[PDB]
Amino acid sequence: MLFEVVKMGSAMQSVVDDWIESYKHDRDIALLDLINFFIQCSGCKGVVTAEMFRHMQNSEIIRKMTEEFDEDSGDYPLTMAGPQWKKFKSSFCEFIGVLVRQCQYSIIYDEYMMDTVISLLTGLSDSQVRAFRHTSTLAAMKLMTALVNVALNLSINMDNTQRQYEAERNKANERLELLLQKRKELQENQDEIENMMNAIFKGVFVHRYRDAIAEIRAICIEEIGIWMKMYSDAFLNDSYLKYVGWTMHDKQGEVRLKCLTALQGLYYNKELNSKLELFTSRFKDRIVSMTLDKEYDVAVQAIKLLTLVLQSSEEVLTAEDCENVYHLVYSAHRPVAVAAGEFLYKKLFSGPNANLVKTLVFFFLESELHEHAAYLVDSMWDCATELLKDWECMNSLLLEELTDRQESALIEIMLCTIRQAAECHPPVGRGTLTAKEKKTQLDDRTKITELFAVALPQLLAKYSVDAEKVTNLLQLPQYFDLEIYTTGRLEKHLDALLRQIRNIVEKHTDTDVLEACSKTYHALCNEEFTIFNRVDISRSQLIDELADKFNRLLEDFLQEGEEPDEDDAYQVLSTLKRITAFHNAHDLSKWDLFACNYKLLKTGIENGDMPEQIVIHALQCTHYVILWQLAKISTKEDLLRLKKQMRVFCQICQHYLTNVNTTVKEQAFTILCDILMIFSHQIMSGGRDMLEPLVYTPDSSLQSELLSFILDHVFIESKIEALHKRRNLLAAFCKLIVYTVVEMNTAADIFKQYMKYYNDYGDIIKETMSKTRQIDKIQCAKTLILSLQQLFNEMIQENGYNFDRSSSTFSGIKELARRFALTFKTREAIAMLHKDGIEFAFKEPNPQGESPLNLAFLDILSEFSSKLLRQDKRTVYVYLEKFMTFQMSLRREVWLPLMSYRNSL
Amino acid sequence: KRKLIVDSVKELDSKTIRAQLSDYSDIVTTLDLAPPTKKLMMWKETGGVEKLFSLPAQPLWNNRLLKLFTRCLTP
C-alpha cells in the first residue's frame, strides 16, 4: 500500500522501518512493494506482479506499464498543484532518503536491494514517458544524495578506525589483526558505495541534467549543488563544478536560478576553497552579466552571489565589474535594487558617520544615470538605515565649517531620507503599517520636526540664492508634525521660517521655487493647529505687498508709457508669477484681482502683442480667481457675478485657442477643458440648488474648435517630454466625451486613431471606447462605425474609387474593423451597426457601368457579422434586400464585397 | 489517442550546449531604470488612464479646488 501510505499517511521513519521489517521476512515481496511504489508515484495505475518481477526484464516491465498506465489527462503527481501534492513530493523524497540512511550499515551491501532499485530508476529515467522520466530522476537524485551521506559517514568511520590502528601499531597483535580486518572491510564498503554512485551519476545525471524538459534539468542541478556543499572534499572539484558552469547558460530562468543557488551554498555560511575560487574566476564574467538576467529572480541571486564572492576575495572582481553592479541601485525592480544596494554597502561603507554621509554624496555625484536621490536612497534603506536617518549629522555638514555641487547633492539626499522616513512607503515603482513601524515613524517625525524647525530657517538663509537647493529645502515643512511648534515652544523659529520664505518669494522668479513657497505656506496654514493664526497673518501680509506692487506695475504698463519694452514686461511677469503660484494654493478672493487680470488679457487681444509668458500666467491666474469664487458658494448677488466672469473668461480662452503661439494655444486649451468639466451639467448634480444657474454648455462652434486643436496638436507623424503633454491634452478632451459635455460623434475622429497611434495613445483611446460602451452601448457602436466611414472617405479623396482592396490602406481599415468587433442592448447594438454600414454602403449611386458605389465598405462591415447573430442575421439580410436588387444578387464577378458579406449572413 | 505525455526527444545534444555557452545575448537584457528625474518620477506617479481621467489638466494644489473638479466625475 506504499504509494497511498506516503500521500495519505504517519512518520516516514515508521513506514521505512516497517518496510525494512518486511524485507527481512521476505526480500522478494518487499522489493516488489518497492518497485510498485516508484511506478505508482509517477501517476501510473498499473501494477507489477510477482510473475512479472520473477521473469520480465525492466525494459519489458516499463513497456507493459506504459500500456497499463490508464491515464485520464497528461497529469502526474509531481506536476499537479496544491498543498496535498506539495506534501506528497516532500514525503516521496523524505522516504527515499530515510530508507537508504536506515540501511547503510547492513542491507545496503547485500548485493540485492540497491541494484534492483538503481536498475529500475535507470530504466525509467530513460523512458520517453515523461511521468516516468521525471519521477524516476527525482528519485535517483534523492537516492544519490542519501548515498553521499553514507559515503561521508564511511569516510569518518574509516578515519577513526585508522587512528585506532596506528595508536595500536605504537603499543596487542590480536586487536591489530581485527583493526586491519575492520579497515579492510570498510574499504570494500567504500568501493561498493562509489560503484552505486557512479552508476546513478553516469546512468542518470549525465543524461538527465540535459533533459529537454526544464523542470528535470532543475532537479539535477539542485542536487549536484547539495552534494558539493555536503561532502565538499569529494565533490567540490571541477569534475562536478563544470556541469553547473555549463548550465548557467541554460535558456530557462528556473534552471539558471538553481545554478546560482547551488554556488551560493558553497560560500554561505562557510569558506574557503581554492578549487571554488578558480572556477569562479573562470565564470566571473558570465556571473556579472546575470546581474542583468532577463529574469529578475535570477538577477537578484546573481548579485547576492557576487556579494558572497566579495567576502572571500575581492581579488576576482574588477572596477568595471563592481561599477556595473552599482548601476543596479537605480533599477526599476526593488529586489534587484536592494540586493545591489547591499553589495554597494559592503564594498564602500566601512563625525563618526560624517565620512559615510560624504561617501554617499560622492557615489551619487558619480552616478550619471539619476539626477535625484529618491531611488538610490530607497535601495539603501534596508541596510544603511542608521546612516540615512542621521539628520543631525547631515544638517551639520551643510552649516558649520564642501563644494556647492556636493552641497546641493547632500540637500537632495537629505530630503529623500526625510520623505521616505516621514511617509512610510517606497518611491513610486518601488512599492508592492505594522504595529512597530508606526512607532518608528512617529519617532522619525518628531526627530525631523524638532531638528529642522530650528535648522531650516538657517538653512534657507545660507542657500537662499540657489533655486535648486531652495526648492528642495522648502519641501521639508510638509513632513512636520506641526504640534511641536506649539508644545515645543518653537514659535520664534516659525517666524524666522516665514521671513526666509517671504524673502525667497520676492527675489525668485523661477516657477518651481515659487510653487514650493506656495505649497509650503499652504502646509503651514492648516487650521487644525494652534499655529494657523500666526501664519495666516504673514500670508495675508505677503500678498498685500504683491497685489499692491502688481496694481502699480499695471498702471504704467497699460497706457502708452514707454515702451513698454522687454524690460517693463519681465517686471510684470515676475510679479504676476508670484501672484499666480499663490492664488493656486491659497484663496486670494479678498483681493479682487480678476479686474487686473481681465484688463491684462483683453488688452492682449486688442494689441496683438503680449509676451507669451504673461498671457499664460494670466490665463492661469484668472482660472484660479473664478474657481475660488465657486468654492465659497447665498449670496445671489455674488452668484450672478460669477457667471459674468466665467462666461467672459471662456470667450477669452476661445480667442487664445487660435493664438499663433503654440504653448499659448495649449494653455488656453487645458484651462478650457477644466472649466467645461467643472461648470458642466454635473455641477448641480451633487444635491445642488444654486449650481443650476451656473451650468455651461459649449457652443457647437466651440465644440468643433476644441476638436480642431486635438487633431492639429495631438495627431501628427527630449521627446518623452513632448508626448506627456499630448496625452494630457487628449485625456482632457476625452473626459468631455465620457461625461458627455461634448457630443459623442466627436469621438469618431478619435476612435479611428486607436491603431495609427496605438503606443502613444492606445490605452487612453481604449478607455474612451469603454466609458462609452458602459454609458450607452448603442451610440457607441454608432460613432464607432462612423469612424470606419471617415477612414474610408479619406482613402477615396487620396486615390479615387479604384481602391485596390489588397492595398495597405484598405487592409488597415479592415484590421481596425476586426478589433472593433471584439468590443461586443447586448445585441441591439451590432444590429444597429450593420444597419448604418449598409445605409452607408448604398449612400451614393453610380452614374455609369453600372447604374457600385461606396460598395467596398461591406468587406469592412463583414468583419462585424462574425459576432452576431443567427436570428438577427435574418433581420439584417431583410434590411439589406431593401437596398440590393435581383440582377444585383444574381451576377457574381468586383461585386465581391457584397457576396462575401452575404456568405457570412 | 493517449493523453499520456511522451517525448520524442529527451536530451539536448552536446553541440547546442556548446552554442549556449557561446551566446547568451537572448537571456540577458538592458538595465530598466526607475524615473531618473523628479519630473519623470511625478509623471509615473500621476500617469496612467485611471489617474488621467480623474484629475484636472491644469493641476490644482488645493483640495478645496480639486474637489470642484472631482465632484463632476460620474455621469
# chains A, B, ... in the order shown; residues from 1 in each chain; ligands from 1
>>> closest_atom_pairs(of="chain B", to="chain A", cutoff="7 Å", atoms="only C-alpha atoms", output="JSON lines")
{"residue": "B:3", "atom": "CA", "partner": "A:74", "partner_atom": "CA", "distance": 5.2}
{"residue": "B:4", "atom": "CA", "partner": "A:74", "partner_atom": "CA", "distance": 4.9}
{"residue": "B:5", "atom": "CA", "partner": "A:74", "partner_atom": "CA", "distance": 5.6}
{"residue": "B:6", "atom": "CA", "partner": "A:129", "partner_atom": "CA", "distance": 4.5}
{"residue": "B:7", "atom": "CA", "partner": "A:128", "partner_atom": "CA", "distance": 5.0}
{"residue": "B:8", "atom": "CA", "partner": "A:128", "partner_atom": "CA", "distance": 6.7}
{"residue": "B:9", "atom": "CA", "partner": "A:212", "partner_atom": "CA", "distance": 6.8}
{"residue": "B:10", "atom": "CA", "partner": "A:212", "partner_atom": "CA", "distance": 5.3}
{"residue": "B:11", "atom": "CA", "partner": "A:211", "partner_atom": "CA", "distance": 4.4}
{"residue": "B:12", "atom": "CA", "partner": "A:210", "partner_atom": "CA", "distance": 5.7}
{"residue": "B:20", "atom": "CA", "partner": "A:249", "partner_atom": "CA", "distance": 5.8}
{"residue": "B:21", "atom": "CA", "partner": "A:249", "partner_atom": "CA", "distance": 5.7}
{"residue": "B:24", "atom": "CA", "partner": "A:249", "partner_atom": "CA", "distance": 6.6}
{"residue": "B:27", "atom": "CA", "partner": "A:294", "partner_atom": "CA", "distance": 5.3}
{"residue": "B:28", "atom": "CA", "partner": "A:293", "partner_atom": "CA", "distance": 4.6}
{"residue": "B:29", "atom": "CA", "partner": "A:294", "partner_atom": "CA", "distance": 5.6}
{"residue": "B:30", "atom": "CA", "partner": "A:292", "partner_atom": "CA", "distance": 6.8}
{"residue": "B:31", "atom": "CA", "partner": "A:292", "partner_atom": "CA", "distance": 6.6}
{"residue": "B:32", "atom": "CA", "partner": "A:332", "partner_atom": "CA", "distance": 5.8}
{"residue": "B:33", "atom": "CA", "partner": "A:331", "partner_atom": "CA", "distance": 4.8}
{"residue": "B:34", "atom": "CA", "partner": "A:332", "partner_atom": "CA", "distance": 4.2}
{"residue": "B:36", "atom": "CA", "partner": "A:370", "partner_atom": "CA", "distance": 4.6}
{"residue": "B:37", "atom": "CA", "partner": "A:371", "partner_atom": "CA", "distance": 5.6}
{"residue": "B:38", "atom": "CA", "partner": "A:372", "partner_atom": "CA", "distance": 6.5}
{"residue": "B:45", "atom": "CA", "partner": "A:428", "partner_atom": "CA", "distance": 5.8}
{"residue": "B:49", "atom": "CA", "partner": "A:764", "partner_atom": "CA", "distance": 5.7}
{"residue": "B:52", "atom": "CA", "partner": "A:731", "partner_atom": "CA", "distance": 6.4}
{"residue": "B:53", "atom": "CA", "partner": "A:735", "partner_atom": "CA", "distance": 6.2}
{"residue": "B:56", "atom": "CA", "partner": "A:674", "partner_atom": "CA", "distance": 6.0}
{"residue": "B:57", "atom": "CA", "partner": "A:670", "partner_atom": "CA", "distance": 5.5}
{"residue": "B:58", "atom": "CA", "partner": "A:671", "partner_atom": "CA", "distance": 6.2}
{"residue": "B:60", "atom": "CA", "partner": "A:584", "partner_atom": "CA", "distance": 6.6}
{"residue": "B:61", "atom": "CA", "partner": "A:585", "partner_atom": "CA", "distance": 5.3}
{"residue": "B:62", "atom": "CA", "partner": "A:585", "partner_atom": "CA", "distance": 5.0}
{"residue": "B:64", "atom": "CA", "partner": "A:631", "partner_atom": "CA", "distance": 6.9}
{"residue": "B:65", "atom": "CA", "partner": "A:631", "partner_atom": "CA", "distance": 6.7}
{"residue": "B:68", "atom": "CA", "partner": "A:678", "partner_atom": "CA", "distance": 6.3}
{"residue": "B:69", "atom": "CA", "partner": "A:678", "partner_atom": "CA", "distance": 5.2}
{"residue": "B:72", "atom": "CA", "partner": "A:682", "partner_atom": "CA", "distance": 5.0}
{"residue": "B:75", "atom": "CA", "partner": "A:739", "partner_atom": "CA", "distance": 5.5}
>>> select_by_dssp(residues="chain B", states="alpha helix (DSSP H)", output="PyMOL selection string")
chain B and resi 14-22+38-46+49-52+63-70
>>> write_last_selection(atoms="C-alpha atoms", output="PDB file, in the first residue's frame")
ATOM      1  CA  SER B  14      26.112  18.295 -26.968  1.00  0.00           C
ATOM      2  CA  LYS B  15      26.505  20.768 -29.845  1.00  0.00           C
ATOM      3  CA  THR B  16      23.650  23.016 -28.708  1.00  0.00           C
ATOM      4  CA  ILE B  17      25.171  23.169 -25.222  1.00  0.00           C
ATOM      5  CA  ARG B  18      28.380  24.379 -26.855  1.00  0.00           C
ATOM      6  CA  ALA B  19      26.283  27.029 -28.598  1.00  0.00           C
ATOM      7  CA  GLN B  20      24.575  28.081 -25.357  1.00  0.00           C
ATOM      8  CA  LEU B  21      27.960  28.932 -23.824  1.00  0.00           C
ATOM      9  CA  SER B  22      28.933  30.901 -26.913  1.00  0.00           C
ATOM     10  CA  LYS B  38      11.820  64.409 -10.278  1.00  0.00           C
ATOM     11  CA  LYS B  39       9.584  65.393 -13.182  1.00  0.00           C
ATOM     12  CA  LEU B  40       9.567  61.863 -14.632  1.00  0.00           C
ATOM     13  CA  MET B  41       9.064  60.404 -11.177  1.00  0.00           C
ATOM     14  CA  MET B  42       5.997  62.572 -10.641  1.00  0.00           C
ATOM     15  CA  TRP B  43       4.712  61.598 -14.092  1.00  0.00           C
ATOM     16  CA  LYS B  44       4.914  57.869 -13.300  1.00  0.00           C
ATOM     17  CA  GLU B  45       3.056  58.539 -10.033  1.00  0.00           C
ATOM     18  CA  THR B  46       0.320  60.561 -11.730  1.00  0.00           C
ATOM     19  CA  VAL B  49      -5.503  56.075 -17.823  1.00  0.00           C
ATOM     20  CA  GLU B  50      -7.037  55.855 -14.348  1.00  0.00           C
ATOM     21  CA  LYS B  51      -5.255  58.855 -12.825  1.00  0.00           C
ATOM     22  CA  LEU B  52      -5.579  60.882 -16.039  1.00  0.00           C
ATOM     23  CA  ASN B  63      -8.108  70.062  -2.283  1.00  0.00           C
ATOM     24  CA  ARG B  64     -10.762  72.758  -1.890  1.00  0.00           C
ATOM     25  CA  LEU B  65     -10.327  73.396  -5.605  1.00  0.00           C
ATOM     26  CA  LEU B  66      -9.573  69.817  -6.660  1.00  0.00           C
ATOM     27  CA  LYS B  67     -12.916  68.651  -5.297  1.00  0.00           C
ATOM     28  CA  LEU B  68     -14.769  71.120  -7.557  1.00  0.00           C
ATOM     29  CA  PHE B  69     -13.420  69.028 -10.442  1.00  0.00           C
ATOM     30  CA  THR B  70     -13.647  65.519  -8.982  1.00  0.00           C
TER      31      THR B  70
END
>>> residues_around(residues="residue 7 of chain A", least_positions_apart="6", cutoff="10 Å", atoms="only C-alpha atoms", output="PyMOL selection string")
chain A and resi 41+84-92
>>> atom_distance(atom1="atom CA of residue 147 of chain A", atom2="atom CA of residue 18 of chain A")
20.9 Å
>>> closest_residue(among="A:53, A:326, A:37, A:23", to="residue 4 of chain A", atoms="only C-alpha atoms")
A:37
>>> residues_around(residues="residue 403 of chain A", least_positions_apart="5", cutoff="12 Å", atoms="only C-alpha atoms", output="list in words")
residues 358, 361, 362, 365, 397, 398, 408, 409 and 410 of chain A
>>> write_last_selection(atoms="N, CA, C and O atoms", output="mmCIF file, in the first residue's frame")
data_model
loop_
_atom_site.group_PDB
_atom_site.id
_atom_site.type_symbol
_atom_site.label_atom_id
_atom_site.label_comp_id
_atom_site.auth_asym_id
_atom_site.auth_seq_id
_atom_site.Cartn_x
_atom_site.Cartn_y
_atom_site.Cartn_z
ATOM 1 N N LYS A 358 29.396 61.698 3.575
ATOM 2 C CA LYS A 358 30.139 62.294 2.476
ATOM 3 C C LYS A 358 30.386 61.240 1.400
ATOM 4 O O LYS A 358 30.312 61.541 0.217
ATOM 5 N N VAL A 361 27.473 60.875 -0.923
ATOM 6 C CA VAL A 361 27.353 62.008 -1.828
ATOM 7 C C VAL A 361 28.237 61.808 -3.051
ATOM 8 O O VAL A 361 27.808 62.066 -4.177
ATOM 9 N N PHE A 362 29.472 61.368 -2.833
ATOM 10 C CA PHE A 362 30.374 61.112 -3.947
ATOM 11 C C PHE A 362 29.801 60.026 -4.857
ATOM 12 O O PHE A 362 29.848 60.158 -6.074
ATOM 13 N N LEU A 365 26.993 61.574 -6.838
ATOM 14 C CA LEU A 365 27.510 62.527 -7.815
ATOM 15 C C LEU A 365 28.213 61.838 -8.985
ATOM 16 O O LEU A 365 28.272 62.389 -10.086
ATOM 17 N N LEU A 397 26.941 69.213 8.317
ATOM 18 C CA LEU A 397 27.861 69.398 7.195
ATOM 19 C C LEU A 397 27.488 70.591 6.316
ATOM 20 O O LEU A 397 28.356 71.206 5.694
ATOM 21 N N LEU A 398 26.197 70.909 6.257
ATOM 22 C CA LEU A 398 25.706 71.987 5.403
ATOM 23 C C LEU A 398 25.935 73.376 6.009
ATOM 24 O O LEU A 398 25.874 74.382 5.300
ATOM 25 N N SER A 408 24.441 70.741 -2.817
ATOM 26 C CA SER A 408 23.132 70.526 -3.427
ATOM 27 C C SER A 408 22.763 69.050 -3.370
ATOM 28 O O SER A 408 21.618 68.700 -3.085
ATOM 29 N N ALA A 409 23.740 68.186 -3.630
ATOM 30 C CA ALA A 409 23.507 66.743 -3.627
ATOM 31 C C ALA A 409 23.203 66.223 -2.221
ATOM 32 O O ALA A 409 22.387 65.316 -2.045
ATOM 33 N N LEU A 410 23.859 66.795 -1.219
ATOM 34 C CA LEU A 410 23.601 66.411 0.164
ATOM 35 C C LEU A 410 22.201 66.859 0.587
ATOM 36 O O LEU A 410 21.511 66.156 1.327
#
>>> residues_around(residues="residue 381 of chain A", least_positions_apart="5", cutoff="9 Å", atoms="only C-alpha atoms", output="MDAnalysis selection string")
chainID A and resid 338 341 376 386 388 417 420
>>> residues_around(residues="residue 497 of chain A", least_positions_apart="2", cutoff="9 Å", atoms="only C-alpha atoms", output="PyMOL selection string")
chain A and resi 453-454+456-458+460+493-495+499-502
